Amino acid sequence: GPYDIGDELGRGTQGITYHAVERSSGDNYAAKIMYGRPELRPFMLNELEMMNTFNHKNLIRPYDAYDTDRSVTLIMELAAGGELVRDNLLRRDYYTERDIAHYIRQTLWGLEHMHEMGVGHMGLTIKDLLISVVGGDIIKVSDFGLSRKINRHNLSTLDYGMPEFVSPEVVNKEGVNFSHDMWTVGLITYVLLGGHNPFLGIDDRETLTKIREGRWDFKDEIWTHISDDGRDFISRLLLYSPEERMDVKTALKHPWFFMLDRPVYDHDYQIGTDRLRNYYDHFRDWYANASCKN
């Protein structure tokens, strides 16, 4: 057996990811082991096929795979810094808007690689942004179980996802385009800066009805301390009409990212982690019992 499976690293809707050591080298990998439900096998094979299609510094790379009759295991590149939110932002007291723009720009470079070859990610959430080394700042995007080739002139519905991060076209059961990923980028950015999800309802059903209606605002006081460009970036992505949203290349040209090409001023506003901490605690609980998708 080539891999020594160690501690749980995280969990998702298709399985649990563990630390794995390749015996013959001592190198560390991540082992994703699917839950023992045979209907998950197509998603695991999709993830494998997708990961073998990409080759980009901001997308997790595949390594090995094997299976039993029931269950598939995927061995993949280990993001050794763990999850951006759980393992990096939430071990600090404060972060800045400039930090978040640095992470989001890298997320967009990974997405742009995917979009350029005709593939939508389809399932981006705050847990899918990983950091490659302990204490580092290089983003790795993961979880391609739902990723798919998109024909912009022959759209299909998306029937799966985490309710707090889907788009209105998903809730209304309409065809889903690349602009769905862009909606999710706007929502992740809103969550990372403001520390709350503007569509969160009391339960999954209510969250979905809030997304379906599509209304949100910058009411919390934190937003008065976020730059105009940052609020503008979000507001060009969280648009109900999918065709009005910025595409990935336009998003990458947005002036919000101009601050990354200038010296880190000694006057960046310091955003406390308490709000994000509270939302993450809620978000994490959704994964306590496998998955509640469909």
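Numbers for residues come from their place in the sequence shown, where the first is 1.
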{"query": "Higher-scoring stretch by recorded Cα B factor average, 117-125 or 214-222", "finding": "214-222"}
{"query": "Between 83-91 and 152-160 (mean CA B-factor, as deposited), the higher", "finding": "152-160"}
{"query": "Most elevated Cα B-factor in the entry, residues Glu112, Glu169, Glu77, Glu97", "finding": "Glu169"}
{"query": "Cα B factor band for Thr17 (lowest, middle or highest third within the chain)", "finding": "lowest"}
{"query": "Chain thirds of CA B-factor: placement of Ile202", "finding": "highest"}
{"query": "Position of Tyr279 among the chain's modelled residues by C-alpha B-factor, lowest, middle or highest third", "finding": "lowest"}
{"query": "Third assignment of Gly135 from its chain's C-alpha B-factors", "finding": "highest"}
{"query": "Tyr240 by Cα B-factor - lowest, middle or highest third of the modelled chain", "finding": "highest"}
